Amino acid sequence: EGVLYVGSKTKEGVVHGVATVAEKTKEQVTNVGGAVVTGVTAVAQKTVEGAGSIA
Amino acid sequence: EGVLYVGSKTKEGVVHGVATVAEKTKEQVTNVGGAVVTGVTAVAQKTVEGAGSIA
Amino acid sequence: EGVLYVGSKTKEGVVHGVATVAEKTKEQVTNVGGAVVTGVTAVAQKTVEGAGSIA
Ligand SMILES: *[C@@H]1O[C@H](CO)[C@@H](O)[C@H](O)[C@H]1NC(C)=O
Ligand SMILES: *[C@@H]1O[C@H](CO)[C@@H](O)[C@H](O)[C@H]1NC(C)=O
Ligand SMILES: *[C@@H]1O[C@H](CO)[C@@H](O)[C@H](O)[C@H]1NC(C)=O
């Protein structure tokens, strides 16, 4: 029964620019956070928890 | 029954610029945090917890 | 039943610039923290906990 609460108050501007390039690469895993982020945030990329892939 | 609470108060500006390049590379795992981030944040990239991949 | 609490108060500006380059490399694992980060933060990259990958 866990409760939550989030609150944010910004007044001036927030510029936020991202760029990602990949040329002739075999793999590129990227995770960029936000400019003003308040609260829980979970990211999972190319993970394997149980009974993975077989070949 | 764990509860949570997050709060943030910014007034001036937040510039935030990211860039990621990859040329003819076999692997690139990247994780960049945010400019003003308050609260929990979990990231997992190319991890293996149990029963992984087989070849 | 562990509870949490986070709070932040910034007034002036927060410039935050990141850059990552990789040219003809076989591996690049990177993790950059945020400019003003308050709170828990967990990162895991290319880790192996149990029953890993086989070849
Ligand atoms: C198994 O799964 C992972 C990601 O979960 C993937 O990268 C890999 O190519 C897979 N391997 C096989 C043998 O299926
Ligand atoms: C197993 O999984 C990992 C990531 O979880 C992946 O990098 C790797 O290519 C996989 N290996 C095999 C033999 O499937
Ligand atoms: C096993 O997993 C790790 C990452 O978890 C990966 O780097 C590696 O390529 C894998 N090795 C085999 C033999 O699958």
# chains A, B, ... in the order shown; residues from 1 in each chain; ligands from 1
>>> residues_near_ligand(ligand="ligand 2", cutoff="7 Å", atoms="only C-alpha atoms and all ligand atoms", output="list in words")
residues 46, 47, 48, 53, 54 and 55 of chain A; 46, 47, 48, 52, 53, 54 and 55 of chain B; 53, 54 and 55 of chain C
>>> residues_around(residues="residue 33 of chain A", least_positions_apart="2", cutoff="7 Å", atoms="only C-alpha atoms", output="PyMOL selection string")
(chain A and resi 31+35) or (chain B and resi 32-34)
>>> residues_around(residues="residue 12 of chain B", least_positions_apart="3", cutoff="6 Å", atoms="only C-alpha atoms", output="list in words")
residues 12 of chain A; 11, 12 and 13 of chain C
>>> residues_around(residues="segment 19-22 of chain B", least_positions_apart="5", cutoff="7 Å", atoms="only C-alpha atoms", output="count of residues only")
13
>>> atom_distance(atom1="atom CA of residue 41 of chain B", atom2="atom CA of residue 50 of chain C")
23.0 Å
>>> closest_residue(among="C:44, C:4, C:14, C:37", to="ligand 3", atoms="only C-alpha atoms and all ligand atoms")
C:44
>>> atom_distance(atom1="atom CA of residue 40 of chain A", atom2="atom 5 (O, counted along the ligand's line) of ligand 1")
24.1 Å
>>> closest_residue(among="C:43, C:49, C:38, C:9", to="ligand 3", atoms="only C-alpha atoms and all ligand atoms")
C:49
>>> atom_distance(atom1="atom 14 (O, counted along the ligand's line) of ligand 1", atom2="atom CA of residue 45 of chain A")
15.5 Å
>>> select_by_dssp(residues="chain B", states="strand (DSSP E)", output="MDAnalysis selection string")
chainID B and resid 6:10 16:17 29:32 36:38 42:45
>>> write_last_selection(atoms="C-alpha atoms", output="PDB file, in the first residue's frame")
ATOM      1  CA  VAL B   6      10.058  14.068  -4.170  1.00  0.00           C
ATOM      2  CA  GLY B   7      10.235  17.833  -4.510  1.00  0.00           C
ATOM      3  CA  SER B   8      12.199  20.303  -6.631  1.00  0.00           C
ATOM      4  CA  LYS B   9      12.183  24.077  -7.078  1.00  0.00           C
ATOM      5  CA  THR B  10      14.297  25.598  -9.843  1.00  0.00           C
ATOM      6  CA  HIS B  16      21.594  20.475 -21.097  1.00  0.00           C
ATOM      7  CA  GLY B  17      23.380  19.199 -24.196  1.00  0.00           C
ATOM      8  CA  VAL B  29      27.238   1.196 -24.049  1.00  0.00           C
ATOM      9  CA  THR B  30      26.589   4.680 -22.656  1.00  0.00           C
ATOM     10  CA  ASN B  31      24.483   6.086 -19.818  1.00  0.00           C
ATOM     11  CA  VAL B  32      24.359   9.840 -19.169  1.00  0.00           C
ATOM     12  CA  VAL B  36      18.850  18.313 -12.444  1.00  0.00           C
ATOM     13  CA  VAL B  37      17.571  14.880 -11.402  1.00  0.00           C
ATOM     14  CA  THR B  38      16.036  14.325  -7.956  1.00  0.00           C
ATOM     15  CA  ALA B  42      17.794   2.659 -11.895  1.00  0.00           C
ATOM     16  CA  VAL B  43      19.641   1.778 -15.111  1.00  0.00           C
ATOM     17  CA  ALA B  44      20.606  -1.665 -16.422  1.00  0.00           C
ATOM     18  CA  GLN B  45      22.285  -2.205 -19.794  1.00  0.00           C
TER      19      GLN B  45
END
